[PDB]
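Quick note: the sequence shown uses the entry's author numbering, first residue 1, plus one each step. Beta carbons: idealized from backbone N, C-alpha and C, even for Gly.
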Amino acid sequence: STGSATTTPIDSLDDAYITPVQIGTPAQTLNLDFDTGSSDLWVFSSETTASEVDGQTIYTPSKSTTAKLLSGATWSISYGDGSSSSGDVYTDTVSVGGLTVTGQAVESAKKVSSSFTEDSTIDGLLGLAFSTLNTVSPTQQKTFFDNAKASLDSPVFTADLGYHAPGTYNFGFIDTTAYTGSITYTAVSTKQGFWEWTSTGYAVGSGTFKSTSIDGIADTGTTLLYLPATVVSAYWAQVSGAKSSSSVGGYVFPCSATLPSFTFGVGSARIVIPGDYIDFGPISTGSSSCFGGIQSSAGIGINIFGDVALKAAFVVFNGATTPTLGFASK
Numbered sequence: 001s002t003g004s005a006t007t008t009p010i011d012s013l014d015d016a017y018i019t020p021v022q023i024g025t026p027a028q029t030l031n032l033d034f035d036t037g038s039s040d041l042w043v044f045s046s047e048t049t050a051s052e053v054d055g056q057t058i059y060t061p062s063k064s065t066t067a068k069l070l071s072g073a074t075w076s077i078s079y080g081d082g083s084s085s086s087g088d089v090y091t092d093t094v095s096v097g098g099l100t101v102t103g104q105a106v107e108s109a110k111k112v113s114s115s116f117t118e119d120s121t122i123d124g125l126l127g128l129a130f131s132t133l134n135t136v137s138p139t140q141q142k143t144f145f146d147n148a149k150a151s152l153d154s155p156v157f158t159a160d161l162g163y164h165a166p167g168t169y170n171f172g173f174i175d176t177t178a179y180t181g182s183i184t185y186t187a188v189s190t191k192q193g194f195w196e197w198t199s200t201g202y203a204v205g206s207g208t209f210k211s212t213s214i215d216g217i218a219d220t221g222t223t224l225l226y227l228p229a230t231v232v233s234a235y236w237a238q239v240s241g242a243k244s245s246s247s248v249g250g251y252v253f254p255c256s257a258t259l260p261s262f263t264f265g266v267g268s269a270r271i272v273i274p275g276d277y278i279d280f281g282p283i284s285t286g287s288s289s290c291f292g293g294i295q296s297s298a299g300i301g302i303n304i305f306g307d308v309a310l311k312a313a314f315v316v317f318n319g320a321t322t323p324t325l326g327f328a329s330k
């Protein structure tokens, strides 16, 4: 089997991407944030504190003939941006782009933090990291990908995110028409539960490539590119007027600037992030100070290849016995 679903930016800055997901019988379609940096499939629901729902579509298990309470199971998760959610658990039928899993753990939110409430376009998350990070207790649950894996033509999914445009998540096959040149595969460590890999270096604009190992995670659920302070300083040094602002919370730059590209290494291959991808616009409405899309990972504890990086590539998440990551230009 295979599946194929279109993923769409939630706003004009590509802050996140939503993908339609069918849950239950008859289908209830929710727009979820596919997140390769976590492993919980959770939704706004009929159980979510009413004051914490503001425009989201909710899952109502009592209206699904295939929903069953997973008795005694609870979940609670915190993300790297400080947001959080928690609740209880149902199993139900979940379909993505034509691909169906029966008995999928659907984590029903009782509580969500303000960041989730305020984002009316995101109805929940669908985690695609390794199931060892799943927060359901006392019985840990599997991701949609893990459950689907044995039914797939190939044990893979691919992320093809657009710049200010729709893209695609595919399950079970590699669309050879969706990328240019060859796919370069690189080793993955699952030791921390992430799609963790090592980049072979970077370049700023038309500058020379610096060979240096950068350990990080491929995370579709993170907006920006978070790299070591040395790397990020070298990038923003090439932008007149750019500076790190503690009041704003990162590097800012004059909105009048033209940003240089940023290249990262995948083995002997290179992925180029155009300068425009690194522009996240005015820090506040009408400001002439703009927020940078490359930021320091110092104090995160991990480097994160978020959407800024991933949308410049066609990315293969290979969940074979020995997992790997593949990157192609497109």
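Can you give me the C-alpha to C-alpha distance between residue i and residue j, rounded to a whole angstrom?
i, j, result
"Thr190", "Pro323", "8 Å"
"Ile278", "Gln238", "13 Å"
"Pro138", "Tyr90", "14 Å"
"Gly193", "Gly249", "28 Å"
"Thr100", "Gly55", "27 Å"
"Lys330", "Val316", "13 Å"
"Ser244", "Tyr251", "4 Å"
"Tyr179", "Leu325", "15 Å"
"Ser78", "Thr220", "16 Å"
"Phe305", "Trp236", "17 Å"
"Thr36", "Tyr202", "23 Å"
"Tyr163", "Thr132", "31 Å"
"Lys149", "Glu196", "20 Å"
"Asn170", "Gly207", "35 Å"
"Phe145", "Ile300", "27 Å"
Is residue i close to chain D, meaning its C-beta is less than 8 Å from at least one C-beta of that chain?
i, result
"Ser261", "Among the chains of the structure shown, chain D does not appear; only one protein chain is present."
With a Cβ-Cβ cutoff of 8 Å, do residue i and residue j count as a contact?
i, j, result
"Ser297", "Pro254", "no"
"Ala313", "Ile271", "yes"
"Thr223", "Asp119", "no"
"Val21", "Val112", "no"
"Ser38", "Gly127", "yes"
"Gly241", "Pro260", "no"
"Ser62", "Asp92", "no"
"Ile58", "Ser45", "yes"
"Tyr226", "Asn303", "yes"
Would you mind working out which of the options sits nearest residue i, comparing C-alpha positions?
i, options, result
"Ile174", "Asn134, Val156, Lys63", "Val156"
"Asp15", "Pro166, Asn147, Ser211", "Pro166"
"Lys68", "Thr25, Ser84, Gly80, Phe145", "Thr25"
"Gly72", "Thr200, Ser108, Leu152, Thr57", "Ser108"
"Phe280", "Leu13, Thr6, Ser51", "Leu13"
"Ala105", "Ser45, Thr121, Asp40", "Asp40"
"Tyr17", "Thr102, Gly124, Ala50, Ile273", "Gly124"
"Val204", "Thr8, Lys311, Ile273, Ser151", "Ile273"
"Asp215", "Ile23, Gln295, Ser199", "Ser199"
"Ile122", "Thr19, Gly292, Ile302, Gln141", "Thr19"
"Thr135", "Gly103, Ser84, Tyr185", "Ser84"
"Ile217", "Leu310, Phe209, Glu52, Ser289", "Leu310"
"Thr263", "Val53, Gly286, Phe209", "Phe209"
"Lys142", "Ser154, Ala129, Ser151", "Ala129"
In the DSSP assignment, the alpha helix (DSSP H) including residue i goes from what residue to what residue?
i, result
"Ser115", "114-118"
"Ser233", "229-236"
"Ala309", "307-310"
"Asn147", "144-148"
For residue i, report the span of its beta strand (DSSP E) as first-last.
i, result
"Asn318", "314-318"
"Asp215", "210-218"
"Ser154", "Here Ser154 belongs to no beta strand (DSSP E), and DSSP marks it neither H nor E."
"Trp42", "41-43"
"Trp75", "68-78"
"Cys255", "Here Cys255 belongs to no beta strand (DSSP E), and DSSP marks it neither H nor E."
"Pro20", "17-23"
"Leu125", "124-127"
"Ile273", "269-273"
"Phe262", "262-266"
"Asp88", "84-96"
"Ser1", "Where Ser1 is concerned, there is no enclosing beta strand (DSSP E), given that its DSSP letter is neither H nor E."
Reducing DSSP to helix, strand and coil, say where residue i ends up.
i, result
"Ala50", "helix"
"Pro26", "coil"
"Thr132", "helix"
"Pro138", "coil"
"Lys330", "coil"
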